[PDB]
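Chemist: Quick note, the sequences are listed as chains P, R and C, same order. Offset between the first sequence (1-based) and the numbering used here: plus 110. Offset between the second sequence (1-based) and the numbering used here: plus 110. Offset between the third sequence (1-based) and the numbering used here: plus 229.
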Amino acid sequence: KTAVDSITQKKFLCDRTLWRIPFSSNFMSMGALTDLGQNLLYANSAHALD
Amino acid sequence: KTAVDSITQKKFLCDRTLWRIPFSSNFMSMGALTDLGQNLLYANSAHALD
Amino acid sequence: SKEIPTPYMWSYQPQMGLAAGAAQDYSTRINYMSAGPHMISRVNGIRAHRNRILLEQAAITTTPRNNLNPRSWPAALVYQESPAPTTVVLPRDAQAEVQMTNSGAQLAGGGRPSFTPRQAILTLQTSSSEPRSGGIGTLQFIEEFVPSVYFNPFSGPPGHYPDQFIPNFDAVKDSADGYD
């Protein structure tokens with residue numbers, strides 16, 4: 111009944127893992143050779159990553 | 111060696127569950143639509159249950 | 230009673246899609262216990278003119294079958310939905326939009342594109358993969374299962390007696406069902 115005015119702190123810890131961002135058009139794993147990794151063979155274009 | 115005269119109290123506890131009584135002719139799950147639900151006594155007529 | 234019987238009207242079961250069993254039309258009977266021969270003879274000619282209609286309605290509408298009320302109607306004898314094939318006009322050209330997007334154009338929204346004259350049309354089968362068999366619907370229970378006018382009842386050797394009027398009788402067991 112004598113509780114203080116409070117704020118809620120929220121966070122997470124996610125150990126042991128790598129933040130996997132897949133190079134797929136729907137972020138799913140439909141195969142090892144993804145559809146955007148095959149789109150860039152079909153496009154035959156070189157791109158610079160930033 | 112100075113133990114008293116005793117009686118045994120037996121019981122059980124079975125939490126979290128429902129006492130199911132299946133409406134099957136051998137109490138076994140041979141299908142979701144049981145053989146007594148397809149029984150023409152219980153299919154073609156109306157019966158009281160007590 | 231034997232010459233001009235009361236028709237066995239069939240009970241439907243909407244779940245199994247079969248007839249439950251036929252009992253006589255006790256609930257549409259007409260009471261001439263206070264009539265005389267000038268009117269009992271006129272009502273018995275209406276009981277018999279009705280039974281001529283039901284034999285005529287069954288000869289028109291009922292499928293000719295050996296076992297009365299079978300337990301699995303064949304797929305050729307069940308009314309089945311046969312719709313028209315669905316014609317799908319496909320909205321977008323797939324390989325003409327992967328060349329605009331690889332060239333650097335951002336496509337958004339939605340011939341239907343201004344950059345493609347191609348138009349694909351797909352025609353698909355609407356009906357089922359396999360024809361349905363096993364149980365007739367309400368409208369085919371009306372066409373078949375016209376109420377049975379059973380002349381001279383239960384006089385032919387047993388085994389010829391209609392046991393499929395009884396709502397407990399399995400045809401493929403030849404026995405009345407019980408509580409278990």
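Each residue gets a CB set at the ideal place from its N, CA and C atoms; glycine is no exception.
Can you list, in chain order, the residues of its chain whose CB lies under 7 Å from that of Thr144 of chain R, leaving out five sequence neighbours each side?
Modeler: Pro132, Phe133, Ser134.
Chemist: Taking C-alpha atoms, which residue in C:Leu319, C:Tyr379, C:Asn331 lies nearest to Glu232 of chain C?
Modeler: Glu232 of chain C has its Cα closest to that of C:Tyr379, out of C:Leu319, C:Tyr379, C:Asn331.
Chemist: Mapping the DSSP letters down to three states, classify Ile350 of chain C as helix, strand or coil.
Modeler: Strand at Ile350 of chain C.
Chemist: Please list, in chain order, the chain C residues whose beta carbon lies closer than 9 Å to that of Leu159 of chain R.
Modeler: Chain C residues near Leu159 of chain R: none, gap ~11 Å exceeds 9 Å.
Chemist: Which bits of chain P does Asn331 of chain C rub up against, with CB to CB less than 8 Å?
Modeler: By Cβ distance, chain P contributes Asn149, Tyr152, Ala153, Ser155.
Chemist: Evaluate the contact criterion for the region 250 to 263 of chain C versus the region 392 to 402 of chain C: three or more CB pairs, one atom per stretch, below 8 Å.
Modeler: Touching, per the Cβ criterion.
Chemist: With a threshold of 8 Å between beta carbons, is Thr290 of chain C in contact with chain B?
Modeler: Of the chains in the structure shown, none is chain B; the protein chains are P, R and C.
Chemist: Rounded to the nearest angstrom, how far is the Cβ of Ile365 of chain C from that of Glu373 of chain C, given a contact under 8 Å?
Modeler: With 8 Å as the limit, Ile365 of chain C and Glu373 of chain C qualify as a contact, their Cβ atoms being about 7 Å apart.
Chemist: Between the Cα of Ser377 of chain C and the Cα atoms of C:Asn273, C:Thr290, C:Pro266, which residue gives the shortest distance?
Modeler: Of C:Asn273, C:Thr290, C:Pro266, the residue nearest in Cα terms is C:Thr290.
Chemist: Does the beta-carbon of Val375 of chain C have 16 or more other beta-carbons within 10 angstroms, so that it is buried, or is it exposed?
Modeler: Per the 10 Å Cβ criterion, buried.
Chemist: Take the Cβ of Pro299 of chain C as the centre, count every other Cβ of all protein chains shown within 10 Å, and call the residue buried at 16 or more, exposed below.
Modeler: It is buried - the Cβ of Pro299 of chain C has at least 16 other Cβ atoms within 10 Å.
Chemist: Using the beta-carbon count (16 or more within 10 Å), is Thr257 of chain C buried or exposed?
Modeler: Counting Cβ neighbours within 10 Å, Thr257 of chain C comes out exposed, since fewer than 16 surround it.
Chemist: Once you ignore the five residues that flank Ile259 of chain C on each side, which residues in its own chain have a CB closer than 7 Å to its CB?
Modeler: For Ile259 of chain C, where only same-chain residues beyond five positions count, the Cβ hits under 7 Å are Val272.
Chemist: Using the Cβ count rule (16 or more neighbours within 10 Å means buried), how would you classify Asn280 of chain C?
Modeler: Under this definition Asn280 of chain C is a buried residue.
Chemist: What does a CB cutoff of less than 8 Å around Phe344 of chain C pick up in its chain, not counting 5 residues either side in sequence?
Modeler: Around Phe344 of chain C: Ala325, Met329.
Chemist: Considering only the beta carbon of each residue, do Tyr237 of chain C and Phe370 of chain C sit closer than 8 Å?
Modeler: Cβ atoms of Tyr237 of chain C and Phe370 of chain C: not closer than 8 Å.
Chemist: Apart from the five residues on each side of it in sequence, which residues of its chain come closer than 6 Å, Cβ to Cβ, to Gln348 of chain C?
Modeler: Excluding positions up to five away in sequence, the list reads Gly340.
Chemist: Quick one, are the C-beta atoms of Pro320 of chain C and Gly333 of chain C less than 8 Å apart?
Modeler: Cβ atoms of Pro320 of chain C and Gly333 of chain C: not closer than 8 Å.
Chemist: Considering only C-alpha positions, which residue in the set C:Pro266, C:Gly385, C:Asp403, C:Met245 is nearest to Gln393 of chain C?
Modeler: Closest option to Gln393 of chain C, Cα to Cα, is C:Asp403.
Chemist: Taking only the alpha-carbon atoms, compute the straight-line gap between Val318 of chain C and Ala153 of chain P and give it to the nearest angstrom.
Modeler: The straight-line gap from Cα to Cα measures roughly 28 Å.
Chemist: When burial is assigned at 16 or more other CB atoms within 10 Å of the CB, is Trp239 of chain C buried or exposed?
Modeler: Per the 10 Å Cβ criterion, buried.
Chemist: Quick check on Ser135 of chain R - is its C-beta less than 8 Å from some C-beta in chain C?
Modeler: So yes, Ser135 of chain R belongs to the interface.
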